[PDB]
Amino acid sequence: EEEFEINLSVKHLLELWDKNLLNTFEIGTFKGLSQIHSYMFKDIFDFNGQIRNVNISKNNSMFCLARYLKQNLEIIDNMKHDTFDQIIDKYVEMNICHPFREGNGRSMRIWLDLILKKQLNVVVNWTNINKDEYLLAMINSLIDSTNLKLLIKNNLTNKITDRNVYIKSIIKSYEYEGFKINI
Amino acid sequence: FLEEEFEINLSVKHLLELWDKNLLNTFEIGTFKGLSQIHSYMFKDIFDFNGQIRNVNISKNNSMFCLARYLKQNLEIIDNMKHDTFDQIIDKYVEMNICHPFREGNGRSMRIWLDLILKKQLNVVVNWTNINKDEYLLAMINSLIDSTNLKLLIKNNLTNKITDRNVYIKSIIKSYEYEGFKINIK
Amino acid sequence: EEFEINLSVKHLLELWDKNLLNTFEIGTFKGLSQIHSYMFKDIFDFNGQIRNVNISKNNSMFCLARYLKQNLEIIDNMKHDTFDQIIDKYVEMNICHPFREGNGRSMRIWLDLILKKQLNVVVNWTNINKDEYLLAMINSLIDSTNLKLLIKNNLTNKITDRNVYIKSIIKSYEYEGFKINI
Amino acid sequence: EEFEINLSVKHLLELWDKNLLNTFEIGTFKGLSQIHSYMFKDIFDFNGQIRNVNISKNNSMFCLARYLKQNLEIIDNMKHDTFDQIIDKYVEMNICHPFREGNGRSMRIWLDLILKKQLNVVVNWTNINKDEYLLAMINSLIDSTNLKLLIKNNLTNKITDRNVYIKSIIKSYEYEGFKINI
Ligand SMILES: Nc1ncnc2c1ncn2[C@@H]1O[C@H](COP(=O)(O)OP(N)(=O)O)[C@@H](O)[C@H]1O
Ligand SMILES: Nc1ncnc2c1ncn2[C@@H]1O[C@H](COP(=O)(O)OP(N)(=O)O)[C@@H](O)[C@H]1O
Ligand SMILES: Nc1ncnc2c1ncn2[C@@H]1O[C@H](COP(=O)(O)OP(N)(=O)O)[C@@H](O)[C@H]1O
Ligand SMILES: Nc1ncnc2c1ncn2[C@@H]1O[C@H](COP(=O)(O)OP(N)(=O)O)[C@@H](O)[C@H]1O
Ligand SMILES: [Mg+2]
Ligand SMILES: [Mg+2]
Ligand SMILES: [Mg+2]
Ligand SMILES: [Mg+2]
């Protein structure tokens, strides 16, 4: 049931916050992203935290080829992530690479917030970023990531230790994937 | 009257803010400063003496408390008691209750404070929901003489659910029950 | 008025560009008055000067002028080693409000220099909005934990970054209702 | 049986009291079997020895016997510099479960020795209750973050305290359902 996947992964996300586990994960590396993905989809996907080995094609979207995935992710790891502009760059490339069979979008948005929090003492205020504008920026980010960088730059918050802001980002993050959730 | 309902509901709101903003773990563990950090935030817009040591003598209800003349220095002595072991930790809790450094709010603020010591030093907190009001207040009074009862009642009701927000709420509910206030939700 | 505004801003840039800032005493009222003297030198007759009349109006409860010089020495004696100590001193220093004008902007440069030396960070003021800041400052009279949370969440290690210093200037002035460019 | 349990405990204290423990290789299967060999000396014919049958206990998912020696070299090759790396190695070692019996107890002494050398801590196992430990070990096959949190929260720098070493023995044996004394 989808309702398992939703209710349980949301519970796991709250546990990451309440147990202070988010800050234990490596910053801005594929390792840190799979630590998030692994805990998120713990008893849900058998590939939790695991790189895919088949190719996936959504549509008009070229992702990293399965044959070169592990090496490509190492290249992404070594991109810099000190400035905002670098951080969205790395996010844009990790999304293009799409290392997981499923759960890339939700897990990467948690991962992005942690880079911003550690490096710029901000997180994304996803609640003010509507679904249509966000998904469009993400699609266009395969050519030009200017629109995405602006949309995110216009919606930062300094409430980086605020559990209710974290909840609000979970709500909107799942909305981006067509799941309407509560608390 | 109604300003009592303000006291209660706003202090409970402040307690949930300490969790939800991750302020609890920012406060100093097991010292009077840490206790007064909790008291001050709990009673922020409620008590004009929030976080402040009293300057007149309680010594109320037939019980002997620290005299105001020597209060600040006595609190320093309590600060240097060790709190590594369960036995030490309850000793510190007992001696600080005896000192009773605030005009009001000692009971609720010290139980949050006890939990933080236990969390940091033993990865547990008190499961106050299973410690009844009668047994707790009796052990507290008796701890003036002998704190064996208090140590036992607490040891028998520890929980490792130290990152569980709902357990935290259950401990707010019971802590205010001990002081004669029936609150809900939070 | 907008001349005097702009001239204090130009003095703030001279303090960075001439490397005068690292000359000043750290975390004392003398250091603060050094900043306040240079900031407002041909703007306020009292630049760098302790005030001799009580502040303005309202239900504002800043230090009494007659005891100001002595209370400032007690403020000077507070420690400024930890983050918690540094904000404690900032909070008490703002309560005493030692100048006739220029307390907010001068004290913010001052607090940045304390944090820079003691902890190799400054406040990235551009990320702290005016409403939350002034609320935290007013509430620090009753309890300063929120102020400490607001500032700590907003620290930056870009302590030699000239553009951070500029952005801090512009926001610092907005806190006081001053629109400033470049 | 109760003689065997008690004999292995006697062996564990000999390892401490004779300072044999620090003789053993750190963080390798070789070091582990050194522990397991001395531990179960007159107790298991296979003491210190890789098993040759699969542990077809239930639907437990350990390393197949046929590939056990090679996968053990792969485990050996994992790093054990950081806490995160060290639990990762413990998790993969427990998954391979290289002994017919005695995996849990021998591996806990072995893990304490890694942590002691690399981080100057050991696990204060007495504060880790049995229910939470076994769930974390079982779940570490899917995600080992909870296990890492449990263990990290219970590190102690009392690395030469023989009374801590004794309490870890008592708790380690309870994890396997043996009620031992002193
Ligand atoms: N067509 C597309 N081109 C580029 N990026 C795309 C895309 N369709 C989706 N995405 C990105 O991938 C994410 C969803 O990937 P998916 O693996 O399903 O994650 P999920 N829905 O399981 O959380 C979106 O949030 C978006 O960032
Ligand atoms: N007679 C007494 N002797 C010793 N301790 C006593 C006592 N009466 C109450 N206490 C303790 O002090 C706490 C009350 O704190 P207090 O400042 O007087 O009340 P409150 N409701 O403002 O929190 C109780 O929770 C109890 O633990
Ligand atoms: N009511 C108040 N209580 C305490 N502090 C207050 C306050 N209103 C303002 N403040 C603080 O004082 C500063 C204003 O000081 P002021 O003397 O006007 O300096 P200025 N505007 O010339 O830079 C503000 O930045 C704020 O931090
Ligand atoms: N189902 C399981 N999956 C993974 N690990 C498991 C498990 N059941 C038990 N374990 C682990 O293996 C240990 C038991 O191994 P065993 O070979 O029986 O050792 P022992 N010392 O009891 O004689 C436990 O302490 C636990 O860490
Ligand atoms: Mg999916
Ligand atoms: Mg009351
Ligand atoms: Mg002016
Ligand atoms: Mg045996």
Side-chain angles (χ1 to χ4, degrees), chain B residues 3 6-55 72 75-76 79 101-106 108-110 112-113 115-116 120 168, chain C residues 27 58-64 71 74-75 77-96 111 114-115 118-121 123-124 127-129 131-157:
Chain B
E3 321 272 301
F6 277 37
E7 169 189 337
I8 300 182
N9 175 248
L10 177 56
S11 62
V12 174
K13 185 186 77 153
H14 292 151
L15 287 176
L16 306 179
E17 292 167 14
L18 294 181
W19 189 283
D20 289 343
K21 300 192 215 155
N22 223 15
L23 296 161
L24 280 170
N25 300 334
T26 219
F27 294 155
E28 200 168 67
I29 291 284
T31 71
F32 173 68
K33 165 149 90 88
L35 174 59
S36 98
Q37 280 170 313
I38 296 167
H39 193 274
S40 182
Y41 201 95
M42 281 184 61
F43 299 111
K44 205 139 63 146
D45 292 290
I46 304 178
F47 297 157
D48 63 80
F49 48 88
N50 55 305
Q52 296 334 110
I53 76 164
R54 54 178 169 86
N55 62 5
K72 201 178 42 180
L75 289 169
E76 295 186 35
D79 279 351
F102 306 109
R103 191 58 180 94
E104 308 169 42
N106 294 277
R108 295 160 278 172
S109 61
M110 283 157 95
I112 288 114
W113 184 74
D115 277 338
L116 295 174
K120 182 78 205 204
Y168 184 73
Chain C
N58 293 331
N59 322 128
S60 53
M61 38 195 150
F62 307 128
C63 291
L64 292 182
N71 300 324
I74 300 141
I75 293 171
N77 219 38
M78 318 181 39
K79 295 159 284 182
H80 55 248
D81 296 318
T82 60
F83 182 79
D84 194 77
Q85 287 166 348
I86 291 163
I87 307 306
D88 280 348
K89 163 173 299 195
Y90 181 60
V91 161
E92 294 313 330
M93 181 62 81
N94 171 75
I95 288 178
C96 254
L111 163 74
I114 310 180
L115 297 151
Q118 301 299 282
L119 305 165
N120 294 307
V121 286
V123 186
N124 188 203
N127 288 347
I128 302 178
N129 280 119
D131 316 324
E132 69 193 341
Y133 172 71
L134 291 176
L135 187 71
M137 296 293 305
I138 286 157
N139 280 338
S140 70
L141 281 59
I142 299 130
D143 177 287
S144 64
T145 289
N146 278 5
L147 176 67
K148 285 169 185 176
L149 173 62
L150 174 61
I151 289 181
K152 163 153 244 190
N153 278 350
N154 281 283
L155 297 171
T156 181
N157 69 352

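Chain identifiers are assigned alphabetically (A, B, ...) following the order of the sequence lines, protein sequences preceding nucleic acid strands; residue numbering begins at 1 within each chain.
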| request: Carefully, step by step, assess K21(B) and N146(C) under the rule side chain to side chain contact (heavy atoms under 4.5 Å, CB included). | output: CA-CA 10 Å; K21(B) 300 192 215 155; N146(C) 278 5; 3.5 Å; yes
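- Heavy atoms of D84(C) lying under 4.5 Å from chain B belong exclusively to its side chain.
- Remark: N139(C) CG to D45(B) CG distance equals 6.0 Å, nearest 0.5 Å.
- At most 12 heavy atoms of other shown residues, nucleotides or ligands fall within 6.0 angstrom of atom CZ in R103(B).
- Distance OG1/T26(B) to NZ/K152(C): 6.0 Å, rounded to 0.5 Å.
- Within 6.0 Å of the CG atom in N59(C), the count of heavy atoms belonging to other residues, nucleotides or ligands does not exceed 12.
- Contact of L149(C) with chain B is made through the side chain alone, with heavy-atom distances under 4.5 Å.
- Contact of the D143(C) side chain with the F43(B) side chain is not registered, since no non-hydrogen atoms from C-beta on lie closer than 4.5 Å.
- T145(C) is not listed as a side-chain neighbour of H14(B), based on a closest heavy-atom distance of 4.5 Å or more.
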